[PDB]
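Just the one chain here, the form deposited in one PDB entry, laid out as structure tokens.
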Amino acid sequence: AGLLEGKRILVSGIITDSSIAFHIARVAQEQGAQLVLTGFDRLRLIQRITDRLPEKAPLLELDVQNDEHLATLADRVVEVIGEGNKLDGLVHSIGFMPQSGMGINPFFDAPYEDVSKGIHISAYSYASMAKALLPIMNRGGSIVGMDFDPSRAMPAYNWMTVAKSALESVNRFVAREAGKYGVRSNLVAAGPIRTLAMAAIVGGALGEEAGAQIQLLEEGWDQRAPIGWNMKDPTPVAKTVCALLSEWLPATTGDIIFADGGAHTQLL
């Protein structure tokens, strides 16, 4: 019997097998959970990736910018988990910022049209997925979103930092709504993880001043972290998400749990 034995958990954000959500899903399945996965735009390709998980899982279409997708999401989840059954967990691992909003592009040069798209997908969608799925979540359930500590500004991350600040605020309000259902809402602030998306930004900064800053920024995490930080090892972050999905943190909500090696508690 695993940490999440029999728990029904919806997991968003699986883009490649380097996605944090891929490893969250893997660990959750290793711990006995029954998953429902979401994706958009690349469904056949996503299924080829999710086939590499230890267990099978239904894959549902969800464009969080599509009101009709959100309006039918709960009904479509019930179709695959069965009449009279509800979700015990919801994992929000979708974060996106157009290219103008990150990397080597100057902070002032991101048009609001791009920033708005990023905040829609990265922050507002945490509330709209909770709105859609709380009516079919079980008392004692858990909503977990992925965060990257935006309390201090930093090179390159730029408007994605702003979107994470917005997400942290949204999480505190989602917690107020989720509490009416006996459901917790929390974020996991992870250290840097080498996803293909982040690698594309870092790679596109090679030889530029932003890339020098990014290198110093990344190297600082492992240095600051009293237990170190491995950007190529997403498993400690996935385990932390599963901790919040379990009932072992039953009095924590509206909150932020740091899975960052302790880096954010140290100046050097």
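One rule holds for the numbers: they count along the sequence shown, beginning at 1. C-alpha atoms forming the largest set that superposes within 1.5 Å between two forms make up the rigid core.
The form deposited in another entry exists for this protein as well; it is not shown, and the discussion that follows is about that form.
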After a rigid core superposition between this form and the one not shown, the exception among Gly32, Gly228, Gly207, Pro54, its Cα shifting by 2 Å or more, is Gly207
In the other form the CA atoms of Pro150 and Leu206, compared with here and shifted by at least 3 Å, lie closer
With a difference of at least 3 Å, the CA distance of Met154 and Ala205 in the other form shows the atoms farther
